[PDB]
């Protein structure tokens, strides 16, 4: 009912322009792990975990797609 | 061909004669329920009469499936 | 050949040797029927 | 076990033999059964999850026939 | 006196019986040799007359 | 009618036989019904005192 | 096109039908335990109920098949019930499999009635008080009837489970084509689909009990 | 060995609570749900889950299974429990009947 917005106001919010340096901060961390190649320390448990959140943000992109086409079931044309 | 075509209608029609055994078998095993509810001690002798009625009923039913296949394949 | 004929052949031997004898004779009658079916096809 | 190991050699350490994969499925079966079904005061969800995993396996092979009823063309 | 001391041991055996929840049916037939199914008079499943089922 | 496709019939005949005749039967054997325990409280091979 | 749900399913070129037929037994766990979980509790209860409802009429020779028949009704009922799942392949809709279940059991029964009992077996070909002028016609009747018993067994299962699935699929398609048109009619057809699904659940169980009861009655006739 | 008293704590009869608590740290509570609605929307949009007649047969058999569960769940639940306790009661009784018999002996 309303508890959704109670949680949505925490995690489902457009990010404030003040936390974008923290976003690129973790962005530079992950590219640092790629440069050295240290991702091999990452045991598969969290490796699947980041893969899952990777698929999530991927899904947000496709959600952006279906609303960009004014159609749900594929392209109406 | 008009013969190969008429064989389908003729074999289809003769199958309707099975509807008689669908109803006749329901009456036999329907009267067995009624007849057994009244004298359940005759269960073994009643059932003997149901099978005899079931066989003779379905007999007329297979005579139709006879002609249904006598026309479809044997002709 | 261990734990197979120990878990599969002992419990079903009472069935695979005296109870289901007529079943196998029927199963062959089936294989012959499906063979004669898939032959003329 | 996986979720803890981080070696690409682990994949070759395993027993990829008929008896190896057999005991691998048997272990996963008893691990599932003991966690969701073999409990007093159990639930129905221990079964429904198998059915949903069964529906998904059914819809899989049935895709080659369900890709010809596509509404869109792209 | 010999029959007494035998009943004491056997009573203790029924007294210290493993609870019924962790008992395999083979453990029960060890406890109550009557519950066993006579695989000689009925060799095939369910090893008992259907009336008694 | 795909039921009349006699080419994949051997793909249905065998695993049924592997399921109706071996596996499921092997699970009923593992469903046993024990005779209920009513050991009678009257079992005394006794005899009169020595006279 | 329409009969896609009855084609032998193949996954990645492998015959996935071998998995689906091996699956239903996986829903009947067993336990050496004496008091066990809810699933095996109810199942152990039903198997007892069924065995009491089926095997009671049998003599000592008939009840020897009590494993097969109870295992037969439990497999057919689980296959039919699982088959009602969406996109499932119901291996009882196949005439092949159903033939391979009805041909052996019917054959196994009449054979054991012909090895022993052979004078009563041939006498069962004529009811007791049958009159004299009607004796010769009533023997060719039954031998044809007896010969179509296995055919009736398999067809009664495949044609009842297939027609049931196809019917649910057609009415389902009607609701789809009705989705973009009058909404209450969609609700009515959907309500019809709901009541039909309930019937298919009742038919799935009845067809299992029917297939088994008819194999049983054949068994009692030859034991 | 005794049996545990509870099962696997599954949500919606499909997803065990391990999945949500495993995803709770990174994307909070709504994470698993917004993953689901993302996954289903992409599936039915890229024509992974084609809409057909099997859809409405699905929504019906899912409609009956959910109703059949939500109606006769509890009845089958305690009935299975009742069958257990009754077997437990009859057994422990035949444990006393032994004690009393040989005690009289």
Convex hull of Cα atoms in segment B:2-73, direction-averaged projection (nm²): 4.7 nm²
Using alpha-carbon coordinates, inclination of helix D:18-36 to the longest axis of chain D, degrees: 80 degrees
Relative packing of G:83-96, G:44-57, which averages over residues the other C-beta atoms within 10 Å, highest first: G:83-96, G:44-57
Along each principal axis, Cα extent of segment H:1-53, largest first, Å: 49, 33, 13
Cα-only radius of gyration and Dmax that characterise segment G:1-46, units Å: 16.8, 51
Separation between Cα centres of segment G:178-223 and segment B:1-30, rounded to whole Å: 25 Å
Share of alpha-carbon pairs per 5 Å distance bin for chain D, given as whole %: 3, 11, 12, 14, 14, 16, 13, 9, 8, 2, 0
0 to 90° range, to nearest 10: angle between helix D:45-61 axis and chain D longest Cα axis: 50 degrees
Choice from A:27, A:12, A:42 showing the highest fluctuation, given a GNM over chain A with Cα pairs closer than 10 Å: A:12
Helix-only mean residue ellipticity at 222 nm for chain C, each DSSP H run of n ≥ 4 adding -39500 (n - 2.57), per residue, nearest 500: -18000 deg cm²/dmol
Rg in Å to one decimal, and Dmax rounded to a whole Å, for chain A via C-alpha atoms: 17.0, 48
Peptide G:162-172, shielding by other chains (average Cβ, 10 Å cutoff): 3
Principal axes of chain F: Cα extent on each, largest first, Å: 90, 16, 13
Per-residue average of Cβ from other chains inside 10 Å of G:76-84: 2
Mean projection area, nm², convex hull over Cα of chain H: 11.7 nm²
Cα Rg, Dmax (largest Cα-Cα span) when computed across the protein assembly as shown, Å: 31.6, 112
Ordering of H:24-36, C:4-16 by burial proxy (mean other Cβ atoms within 10 Å per residue, highest first): H:24-36, C:4-16
Over 24 Å [Cα-Cα, segment G:50-207], rounded percent: 54 percent
Stokes-Einstein D for chain C, Kirkwood Rh over Cα pairs, 20 °C, 1.002 mPa s (µm²/s): 178 µm²/s
Alpha-carbon gyration tensor eigenvalues x 5, square-rooted, for segment G:11-130, Å: 33, 23, 12
Per-residue average of Cβ from other chains inside 10 Å of G:120-129: 2
Euclidean distance of C-alpha centroids, chain F and segment G:23-65, integer Å: 7 Å
Translational diffusion coefficient (Stokes-Einstein; Kirkwood radius from C-alpha pairs) of chain E at 20 °C, 1.002 mPa s, in µm²/s: 160 µm²/s
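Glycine gets a Cβ as well: all are built from the backbone with ideal geometry, and neighbour counts include every protein chain shown. Taken together, the values in this text are just the output of simple stated rules run on the coordinates, not laboratory data.
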